[PDB]
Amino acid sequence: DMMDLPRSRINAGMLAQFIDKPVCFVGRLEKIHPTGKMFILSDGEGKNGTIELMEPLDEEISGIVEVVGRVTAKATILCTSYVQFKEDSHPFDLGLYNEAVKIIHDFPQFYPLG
């Protein structure tokens, strides 16, 4: 039920500029709160974004995680949904994923922001 909205793909450094907006944030799982209700991700320039949940995680999470949610007034993300990337063949190059993000925000006219 923000599954029917456009969700900008962002890194940590653009959290402030996207307050209240629906977002999709990709990063590497750094740490999980003992409650399972928040955890930390790092993006491709080693910056952190804090992710929050209304209910505790169902399962172990690790490696690359793609989180969908709304950026909170405090530059946090309220998680609506996430997917763990698999890396069975080749490890995900997060650094280049971050280059790809920068490009989206420099050329919104070619990656129509919805």
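All residue numbers refer to positions in the sequence shown, first residue = 1. Basically, rigid core = biggest C-alpha set you can superpose within 1.5 Å across the two forms.
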Could you say which moves further from this form in 5 other deposited structures of this protein, stretch 86 to 94 or stretch 5 to 13, by root mean square CA distance after aligning on the core? 86 to 94
Using only C-alpha atoms and the B-factors in the entry, which stretch averages higher, 14 to 22 or 88 to 96? 88 to 96
Would 71 to 79 or 54 to 62 have the larger average of its C-alpha temperature factors, as given in the entry? 54 to 62
So, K102's CA B-factor, relative to its chain, sits in which third? The middle
Third of the chain, ranked by Cα B-factor, where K47 sits: highest
